[PDB]
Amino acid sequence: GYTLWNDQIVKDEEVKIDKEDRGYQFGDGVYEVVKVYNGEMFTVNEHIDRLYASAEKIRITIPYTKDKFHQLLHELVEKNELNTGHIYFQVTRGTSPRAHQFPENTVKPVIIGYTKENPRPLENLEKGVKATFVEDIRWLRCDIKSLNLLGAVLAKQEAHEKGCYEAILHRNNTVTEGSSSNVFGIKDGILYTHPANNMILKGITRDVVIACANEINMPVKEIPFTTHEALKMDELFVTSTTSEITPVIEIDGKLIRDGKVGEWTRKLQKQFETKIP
């Protein structure tokens, strides 16, 4: 299909990454994933905003305005005739002779972006999934959506080997997030989730789900919960741009409550469904 290469939409074949692109040698870059439903981009602005925020935290300066970027993403979805799926895009510090310190301000960041046709995970949304506790060994700057995802691939891989869908990370007892999702816990009608600090990424879906909770008048407490507490919850679920509201009905062979999708998860899913095109 077509790829966004900086400010140009070109055939996939024409794209060539330099061996000295700082993203390829240092993972010196940031990314975003945007869900597309029936040809319409979902919360594009929230995501573009975060891309620039991520880039700013590590001092990268995107050469285009949010509007141009918005235009490019819109044109990318048109060229590829994307119906239902997602868009992936990243920005790196640019191609420059290997060195740790930041290059010269002459170096222009490299923007790559492509689309992928991918249906909604219906069975999962409906039936729920198995998860597994995996120790959080990532760096202390999880608030940046960077390309340094080695700790996350290892965790997701451990989960996959154990036949689980996601890995619920924890920095010594305290639950933080999934290898690629935010974690929610419902107990006695109340929604709990780790507060957005440096120990987790403030998910867009996480924020939309907290919004939905306010609309249906469900009390939200942004307080950390331990691994033991997580197992004693009534309902449990993870969120991400592609997973949406995915129920977690089991953790390490232990059924959450009774192993069925809870009442409030269902309610929150229904409220979320209204914000979709």
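Quick note: we count residues from 1 along the sequence shown, nothing fancier. Take the two forms, superpose them, and find the largest set of C-alpha atoms that agree within 1.5 Å; that set is the rigid core.
Stretch comparison, 99 to 107 versus 71 to 79: after rigid core superposition, larger RMS CA deviation in 4 other deposited structures of this protein is found for 99 to 107. Looking at 219 to 227 and 248 to 256 together, the entry lists the larger mean B-factor for 219 to 227, computed on C-alpha atoms. Between the stretches 234 to 242 and 64 to 72, it is 64 to 72 that shows the larger average CA temperature factor. Among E166, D188, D143, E135, the highest C-alpha B-factor recorded in the PDB entry belongs to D188. Of the candidates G203, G151, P119, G178, the deposited coordinates give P119 the top C-alpha B factor. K79: CA B factor in the highest third of modelled residues in this chain (values from the PDB entry). Among the modelled residues of its chain, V30 has a C-alpha B-factor that falls in the lowest third, as given in the PDB entry.
Among the modelled residues of the chain, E20 sits in the middle third by CA temperature factor in this PDB entry.
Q90 sits in the lowest third of its chain by CA B factor, as recorded in the PDB entry. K127 sits in the middle third of its chain by CA B factor, as recorded in the PDB entry.
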